[PDB]
Structures are given as C-alpha cells and as structure tokens.
file protein12.cif (mmCIF, C-alpha atoms; chains and numbers go by the auth columns)
data_model
#
loop_
_atom_site.group_PDB
_atom_site.id
_atom_site.type_symbol
_atom_site.label_atom_id
_atom_site.label_comp_id
_atom_site.label_asym_id
_atom_site.label_seq_id
_atom_site.Cartn_x
_atom_site.Cartn_y
_atom_site.Cartn_z
_atom_site.B_iso_or_equiv
_atom_site.auth_seq_id
_atom_site.auth_asym_id
ATOM 1 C CA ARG A 1 -22.431 -10.187 75.351 0.00 5 A
ATOM 2 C CA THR A 2 -24.222 -7.101 74.000 0.00 6 A
ATOM 3 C CA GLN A 3 -23.019 -3.533 73.742 0.00 7 A
ATOM 4 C CA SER A 4 -25.010 -0.340 73.165 0.00 8 A
ATOM 5 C CA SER A 5 -23.373 3.076 72.756 0.00 9 A
ATOM 6 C CA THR A 6 -25.211 6.362 72.285 0.00 10 A
ATOM 7 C CA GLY A 7 -24.311 9.996 72.731 0.00 11 A
ATOM 8 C CA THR A 8 -23.225 13.094 70.865 0.00 12 A
ATOM 9 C CA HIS A 9 -19.970 13.267 68.915 0.00 13 A
ATOM 10 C CA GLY A 10 -18.738 15.881 66.443 0.00 14 A
ATOM 11 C CA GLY A 11 -22.008 17.739 66.951 0.00 15 A
ATOM 12 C CA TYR A 12 -24.140 14.730 65.984 0.00 16 A
ATOM 13 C CA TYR A 13 -26.186 12.078 67.736 0.00 17 A
ATOM 14 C CA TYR A 14 -24.769 8.589 67.374 0.00 18 A
ATOM 15 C CA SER A 15 -26.011 5.109 68.180 0.00 19 A
ATOM 16 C CA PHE A 16 -24.308 1.744 67.920 0.00 20 A
ATOM 17 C CA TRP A 17 -25.657 -1.615 69.031 0.00 21 A
ATOM 18 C CA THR A 18 -24.318 -5.138 68.590 0.00 22 A
ATOM 19 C CA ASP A 19 -24.775 -8.600 70.099 0.00 23 A
ATOM 20 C CA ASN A 20 -21.172 -9.497 69.184 0.00 24 A
ATOM 21 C CA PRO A 21 -18.631 -6.781 69.996 0.00 25 A
ATOM 22 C CA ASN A 22 -15.755 -8.976 68.925 0.00 26 A
ATOM 23 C CA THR A 23 -16.650 -9.042 65.224 0.00 27 A
ATOM 24 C CA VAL A 24 -17.724 -5.428 64.687 0.00 28 A
ATOM 25 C CA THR A 25 -15.767 -2.209 65.210 0.00 29 A
ATOM 26 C CA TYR A 26 -17.604 1.115 65.214 0.00 30 A
ATOM 27 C CA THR A 27 -15.550 4.307 64.998 0.00 31 A
ATOM 28 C CA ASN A 28 -16.814 7.810 65.598 0.00 32 A
ATOM 29 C CA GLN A 29 -15.004 10.335 63.420 0.00 33 A
ATOM 30 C CA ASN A 30 -15.124 14.066 62.990 0.00 34 A
ATOM 31 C CA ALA A 31 -18.396 15.895 62.321 0.00 35 A
ATOM 32 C CA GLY A 32 -21.065 13.550 60.951 0.00 36 A
ATOM 33 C CA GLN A 33 -18.516 10.907 59.952 0.00 37 A
ATOM 34 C CA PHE A 34 -18.382 7.353 61.177 0.00 38 A
ATOM 35 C CA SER A 35 -16.861 4.059 60.091 0.00 39 A
ATOM 36 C CA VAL A 36 -17.857 0.467 60.750 0.00 40 A
ATOM 37 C CA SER A 37 -16.031 -2.722 59.873 0.00 41 A
ATOM 38 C CA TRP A 38 -17.437 -6.194 60.546 0.00 42 A
ATOM 39 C CA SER A 39 -15.930 -9.589 59.850 0.00 43 A
ATOM 40 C CA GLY A 40 -16.360 -13.267 60.488 0.00 44 A
ATOM 41 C CA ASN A 41 -20.013 -13.562 59.398 0.00 45 A
ATOM 42 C CA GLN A 42 -21.048 -13.436 63.056 0.00 46 A
ATOM 43 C CA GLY A 43 -23.269 -11.020 64.915 0.00 47 A
ATOM 44 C CA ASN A 44 -25.983 -8.412 64.389 0.00 48 A
ATOM 45 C CA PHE A 45 -25.341 -4.706 64.568 0.00 49 A
ATOM 46 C CA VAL A 46 -26.836 -1.340 63.698 0.00 50 A
ATOM 47 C CA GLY A 47 -24.938 1.924 63.925 0.00 51 A
ATOM 48 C CA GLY A 48 -24.680 5.448 62.639 0.00 52 A
ATOM 49 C CA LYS A 49 -24.970 9.162 63.159 0.00 53 A
ATOM 50 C CA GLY A 50 -27.728 11.678 62.909 0.00 54 A
ATOM 51 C CA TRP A 51 -30.044 13.616 65.149 0.00 55 A
ATOM 52 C CA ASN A 52 -32.086 13.370 68.290 0.00 56 A
ATOM 53 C CA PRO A 53 -34.760 14.525 67.906 0.00 57 A
ATOM 54 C CA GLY A 54 -35.244 13.914 64.249 0.00 58 A
ATOM 55 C CA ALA A 55 -37.388 16.042 62.008 0.00 59 A
ATOM 56 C CA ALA A 56 -38.637 16.491 58.475 0.00 60 A
ATOM 57 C CA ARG A 57 -35.199 17.405 57.189 0.00 61 A
ATOM 58 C CA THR A 58 -33.098 16.846 54.114 0.00 62 A
ATOM 59 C CA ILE A 59 -30.378 14.342 55.052 0.00 63 A
ATOM 60 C CA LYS A 60 -27.202 14.477 52.935 0.00 64 A
ATOM 61 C CA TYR A 61 -24.826 11.531 53.117 0.00 65 A
ATOM 62 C CA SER A 62 -21.760 10.353 51.307 0.00 66 A
ATOM 63 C CA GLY A 63 -19.117 7.729 51.600 0.00 67 A
ATOM 64 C CA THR A 64 -18.335 4.144 50.804 0.00 68 A
ATOM 65 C CA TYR A 65 -20.558 1.156 51.553 0.00 69 A
ATOM 66 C CA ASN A 66 -19.026 -2.271 50.930 0.00 70 A
ATOM 67 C CA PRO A 67 -21.167 -5.088 52.343 0.00 71 A
ATOM 68 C CA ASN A 68 -20.563 -8.758 51.767 0.00 72 A
ATOM 69 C CA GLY A 69 -23.851 -10.501 52.509 0.00 73 A
ATOM 70 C CA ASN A 70 -26.798 -9.457 54.660 0.00 74 A
ATOM 71 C CA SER A 71 -26.611 -5.713 55.276 0.00 75 A
ATOM 72 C CA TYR A 72 -28.454 -2.495 54.686 0.00 76 A
ATOM 73 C CA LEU A 73 -27.898 1.240 54.527 0.00 77 A
ATOM 74 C CA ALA A 74 -30.890 3.207 55.729 0.00 78 A
ATOM 75 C CA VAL A 75 -32.228 6.366 57.252 0.00 79 A
ATOM 76 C CA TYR A 76 -33.724 4.935 60.403 0.00 80 A
ATOM 77 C CA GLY A 77 -35.709 6.335 63.227 0.00 81 A
ATOM 78 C CA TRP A 78 -38.592 6.422 65.652 0.00 82 A
ATOM 79 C CA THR A 79 -41.534 8.541 66.684 0.00 83 A
ATOM 80 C CA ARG A 80 -43.656 8.453 69.844 0.00 84 A
ATOM 81 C CA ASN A 81 -47.393 9.108 70.302 0.00 85 A
ATOM 82 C CA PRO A 82 -47.820 7.258 68.195 0.00 86 A
ATOM 83 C CA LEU A 83 -44.947 4.793 68.392 0.00 87 A
ATOM 84 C CA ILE A 84 -43.575 4.154 64.887 0.00 88 A
ATOM 85 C CA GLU A 85 -40.320 2.632 63.635 0.00 89 A
ATOM 86 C CA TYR A 86 -39.341 3.686 60.115 0.00 90 A
ATOM 87 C CA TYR A 87 -36.788 2.830 57.437 0.00 91 A
ATOM 88 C CA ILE A 88 -35.782 4.669 54.277 0.00 92 A
ATOM 89 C CA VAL A 89 -33.627 1.957 52.713 0.00 93 A
ATOM 90 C CA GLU A 90 -31.002 3.330 50.310 0.00 94 A
ATOM 91 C CA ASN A 91 -28.981 0.159 49.658 0.00 95 A
ATOM 92 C CA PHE A 92 -28.863 -3.433 50.798 0.00 96 A
ATOM 93 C CA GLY A 93 -26.897 -6.607 50.265 0.00 97 A
ATOM 94 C CA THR A 94 -28.302 -10.073 49.595 0.00 98 A
ATOM 95 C CA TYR A 95 -31.573 -9.764 51.549 0.00 99 A
ATOM 96 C CA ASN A 96 -34.325 -7.178 51.100 0.00 100 A
ATOM 97 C CA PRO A 97 -35.032 -6.049 54.683 0.00 101 A
ATOM 98 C CA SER A 98 -38.681 -5.293 53.941 0.00 102 A
ATOM 99 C CA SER A 99 -39.459 -8.955 53.243 0.00 103 A
ATOM 100 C CA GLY A 100 -42.696 -9.945 54.931 0.00 104 A
ATOM 101 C CA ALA A 101 -44.061 -6.414 55.133 0.00 105 A
ATOM 102 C CA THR A 102 -47.248 -5.510 53.319 0.00 106 A
ATOM 103 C CA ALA A 103 -46.954 -3.695 50.009 0.00 107 A
ATOM 104 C CA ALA A 104 -48.467 -0.220 50.217 0.00 108 A
ATOM 105 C CA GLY A 105 -47.636 1.645 47.036 0.00 109 A
ATOM 106 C CA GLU A 106 -44.868 3.799 45.604 0.00 110 A
ATOM 107 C CA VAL A 107 -43.384 7.237 45.956 0.00 111 A
ATOM 108 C CA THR A 108 -40.971 8.930 43.576 0.00 112 A
ATOM 109 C CA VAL A 109 -38.387 11.147 45.215 0.00 113 A
ATOM 110 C CA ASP A 110 -34.691 11.925 45.074 0.00 114 A
ATOM 111 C CA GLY A 111 -34.190 10.306 41.714 0.00 115 A
ATOM 112 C CA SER A 112 -35.875 6.951 42.203 0.00 116 A
ATOM 113 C CA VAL A 113 -39.115 5.114 42.838 0.00 117 A
ATOM 114 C CA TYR A 114 -39.338 3.822 46.375 0.00 118 A
ATOM 115 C CA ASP A 115 -41.600 0.872 47.181 0.00 119 A
ATOM 116 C CA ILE A 116 -43.625 1.467 50.348 0.00 120 A
ATOM 117 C CA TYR A 117 -44.396 -1.237 52.905 0.00 121 A
ATOM 118 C CA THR A 118 -46.184 -1.358 56.256 0.00 122 A
ATOM 119 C CA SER A 119 -45.979 -3.905 59.042 0.00 123 A
ATOM 120 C CA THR A 120 -47.051 -4.339 62.660 0.00 124 A
ATOM 121 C CA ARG A 121 -44.654 -5.629 65.318 0.00 125 A
ATOM 122 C CA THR A 122 -46.485 -7.223 68.253 0.00 126 A
ATOM 123 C CA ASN A 123 -44.953 -7.177 71.748 0.00 127 A
ATOM 124 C CA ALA A 124 -41.504 -6.464 70.343 0.00 128 A
ATOM 125 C CA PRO A 125 -38.621 -4.432 71.729 0.00 129 A
ATOM 126 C CA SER A 126 -39.078 -0.723 71.214 0.00 130 A
ATOM 127 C CA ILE A 127 -37.682 2.542 72.515 0.00 131 A
ATOM 128 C CA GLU A 128 -40.528 2.422 75.047 0.00 132 A
ATOM 129 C CA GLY A 129 -40.080 -1.242 75.974 0.00 133 A
ATOM 130 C CA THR A 130 -42.109 -4.215 74.864 0.00 134 A
ATOM 131 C CA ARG A 131 -44.898 -2.790 72.689 0.00 135 A
ATOM 132 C CA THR A 132 -47.043 -3.291 69.600 0.00 136 A
ATOM 133 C CA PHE A 133 -46.140 -0.620 67.064 0.00 137 A
ATOM 134 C CA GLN A 134 -46.367 0.206 63.351 0.00 138 A
ATOM 135 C CA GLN A 135 -43.410 0.112 60.960 0.00 139 A
ATOM 136 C CA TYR A 136 -43.041 2.034 57.712 0.00 140 A
ATOM 137 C CA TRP A 137 -40.554 1.201 54.977 0.00 141 A
ATOM 138 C CA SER A 138 -39.544 2.989 51.834 0.00 142 A
ATOM 139 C CA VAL A 139 -37.136 0.877 49.784 0.00 143 A
ATOM 140 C CA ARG A 140 -35.178 2.552 47.036 0.00 144 A
ATOM 141 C CA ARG A 141 -35.292 0.745 43.717 0.00 145 A
ATOM 142 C CA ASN A 142 -32.173 2.468 42.395 0.00 146 A
ATOM 143 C CA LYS A 143 -29.622 1.476 45.044 0.00 147 A
ATOM 144 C CA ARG A 144 -26.987 4.085 45.879 0.00 148 A
ATOM 145 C CA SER A 145 -24.414 4.978 48.518 0.00 149 A
ATOM 146 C CA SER A 146 -24.413 8.792 48.443 0.00 150 A
ATOM 147 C CA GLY A 147 -26.985 11.495 47.944 0.00 151 A
ATOM 148 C CA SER A 148 -29.793 13.420 49.613 0.00 152 A
ATOM 149 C CA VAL A 149 -32.957 12.125 51.264 0.00 153 A
ATOM 150 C CA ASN A 150 -36.034 14.378 51.535 0.00 154 A
ATOM 151 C CA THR A 151 -37.482 12.678 54.602 0.00 155 A
ATOM 152 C CA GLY A 152 -40.667 14.756 54.573 0.00 156 A
ATOM 153 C CA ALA A 153 -41.726 13.338 51.214 0.00 157 A
ATOM 154 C CA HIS A 154 -41.578 9.886 52.792 0.00 158 A
ATOM 155 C CA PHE A 155 -43.396 10.988 55.945 0.00 159 A
ATOM 156 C CA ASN A 156 -46.183 12.483 53.793 0.00 160 A
ATOM 157 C CA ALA A 157 -46.368 9.331 51.652 0.00 161 A
ATOM 158 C CA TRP A 158 -46.643 7.115 54.750 0.00 162 A
ATOM 159 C CA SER A 159 -49.383 9.331 56.253 0.00 163 A
ATOM 160 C CA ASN A 160 -51.643 8.496 53.289 0.00 164 A
ATOM 161 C CA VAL A 161 -51.261 4.795 54.087 0.00 165 A
ATOM 162 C CA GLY A 162 -51.812 4.496 57.828 0.00 166 A
ATOM 163 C CA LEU A 163 -51.356 6.393 61.043 0.00 167 A
ATOM 164 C CA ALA A 164 -49.379 9.634 60.758 0.00 168 A
ATOM 165 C CA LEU A 165 -45.999 9.980 62.408 0.00 169 A
ATOM 166 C CA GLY A 166 -45.852 11.159 66.011 0.00 170 A
ATOM 167 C CA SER A 167 -43.283 13.234 67.859 0.00 171 A
ATOM 168 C CA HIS A 168 -39.778 12.468 66.675 0.00 172 A
ATOM 169 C CA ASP A 169 -37.195 10.548 68.632 0.00 173 A
ATOM 170 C CA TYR A 170 -33.857 9.668 67.099 0.00 174 A
ATOM 171 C CA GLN A 171 -33.066 9.678 63.383 0.00 175 A
ATOM 172 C CA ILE A 172 -29.794 8.273 62.046 0.00 176 A
ATOM 173 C CA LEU A 173 -28.097 7.170 58.878 0.00 177 A
ATOM 174 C CA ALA A 174 -27.564 3.547 59.823 0.00 178 A
ATOM 175 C CA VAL A 175 -25.389 0.747 58.615 0.00 179 A
ATOM 176 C CA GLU A 176 -26.670 -2.706 59.633 0.00 180 A
ATOM 177 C CA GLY A 177 -25.185 -6.151 59.269 0.00 181 A
ATOM 178 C CA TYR A 178 -26.504 -9.607 60.020 0.00 182 A
ATOM 179 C CA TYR A 179 -24.057 -12.510 60.217 0.00 183 A
ATOM 180 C CA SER A 180 -22.019 -11.009 57.399 0.00 184 A
ATOM 181 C CA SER A 181 -18.882 -8.974 56.668 0.00 185 A
ATOM 182 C CA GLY A 182 -18.110 -5.575 55.224 0.00 186 A
ATOM 183 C CA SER A 183 -16.901 -2.058 55.794 0.00 187 A
ATOM 184 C CA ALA A 184 -18.399 1.415 55.477 0.00 188 A
ATOM 185 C CA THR A 185 -17.329 5.007 56.028 0.00 189 A
ATOM 186 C CA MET A 186 -20.226 7.463 55.835 0.00 190 A
ATOM 187 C CA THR A 187 -20.666 11.164 56.501 0.00 191 A
ATOM 188 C CA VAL A 188 -24.047 12.711 57.342 0.00 192 A
ATOM 189 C CA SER A 189 -24.893 16.395 57.267 0.00 193 A
#
call {"tool": "encode", "arguments": {"input": "protein12.cif", "output": "structure tokens"}}
result
Amino acid sequence: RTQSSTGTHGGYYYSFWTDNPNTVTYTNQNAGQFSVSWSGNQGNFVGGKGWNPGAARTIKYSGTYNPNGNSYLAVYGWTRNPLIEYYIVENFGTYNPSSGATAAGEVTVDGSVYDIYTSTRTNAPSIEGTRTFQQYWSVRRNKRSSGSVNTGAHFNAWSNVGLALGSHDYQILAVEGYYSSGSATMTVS
C-alpha cells in the first residue's frame, strides 16, 4: 500500500511519497507551506515543496521540525545527464542519513561547516528507473530548522569531488521519516 503525490500547489512543486498512508498525513498549505505529521513508528515517507526544475538558487525555509526518532530535514533533489541524487541535510534525528557514504571533505557556508560525502547506488530506483547513479551529501554540523541555503556553494563543492551536476530535475525542502513519529510545518520560498 504505497502512495505518491506530486504536482503544483500554491505556486510550488510538491512531492509526497509513503509506503504506509495510514500513519502519515501530508498537508499542502498556502504558498510554499506544508505540514506533515507521522505517528505509530511505522512507515517510510519523504515529502515537501520546492521547484521543478531546480536550479542554483538560494532556498529560504522556516518553520517547526519536531521529530521523534529516525528523521531528517533536507534540501533534496536530482539531476539528469548525469543522473545524480543529492542531499543538503539541515537537521536529523537519531540516525545520520549519510552513514556508509564516503567522506569527501568540508565546505563552510550559511553559518556552519558541512561534511561532504559521496556514494554510488547500483541498480537502485531512480527518477529514470533502475540505474547506477552517484549521490552527493552535505551534512550540516550545526543543526537548525530555519534559515537560508546557498545551493550553488554546495554544487560547486561537489564538482571538485566527482562528476559535476547535470540538468536539474526536482528540488524540494523535504521532511523524511523512517519508522518513527513527529510533526513539521515548513515554509519554503
């Protein structure tokens, strides 16, 4: 029982995915606002608002992020040609989502050091189907739940590590949860 919802709402691209619709409620609100509540420590989901296509833009976000367990708050997106999945992780709960990726340096932007990681996913689900693709991570040391993200500084930092980003697909401010509970109301602009 999976559910995937995408579209435009309030002028923004949105995306929500879960493998347990009964324990997660995603709510589109006005402009770049959305809310998610999840309970019962059951199910995997990722949802938020942003743009399609993405770009090297400054993403402003604010709101409240209240996880209880495995969860993260991230700018999240894809490029094509080449196919890349990327994460700018602003906050997380009890598990660091970059675990198992390869350490690849540091970048200082937007008031914090971010640790950079790279990984390869082999025949894994992608926006193009089952593929082998590269992943980039920047993980903020100084966790926060509101501020601005200069995505181009991350894109430039990643391009000195491995393959450069391709043509942008979607780009969202995502809340994720994995067999946990919590609530969040965020606004992107």
call {"tool": "closest_residue", "arguments": {"input": "protein12.cif", "among": "A:25, A:71, A:15, A:97", "to": "residue 54 of chain A", "atoms": "only C-alpha atoms"}}
result
A:15
call {"tool": "closest_residue", "arguments": {"input": "protein12.cif", "among": "A:8, A:187, A:154, A:149", "to": "residue 78 of chain A", "atoms": "only C-alpha atoms"}}
result
A:149
call {"tool": "resolve_selection", "arguments": {"input": "protein12.cif", "expression": "the PyMOL selection byres ((chain A and resi 84) around 8)", "output": "number ranges by chain"}}
result
A: 82-83, 85-88, 169-173
call {"tool": "atom_distance", "arguments": {"input": "protein12.cif", "atom1": "atom CA of residue 21 of chain A", "atom2": "atom CA of residue 52 of chain A"}}
result
9.6 Å
call {"tool": "closest_residue", "arguments": {"input": "protein12.cif", "among": "A:33, A:136, A:146, A:95", "to": "residue 118 of chain A", "atoms": "only C-alpha atoms"}}
result
A:146
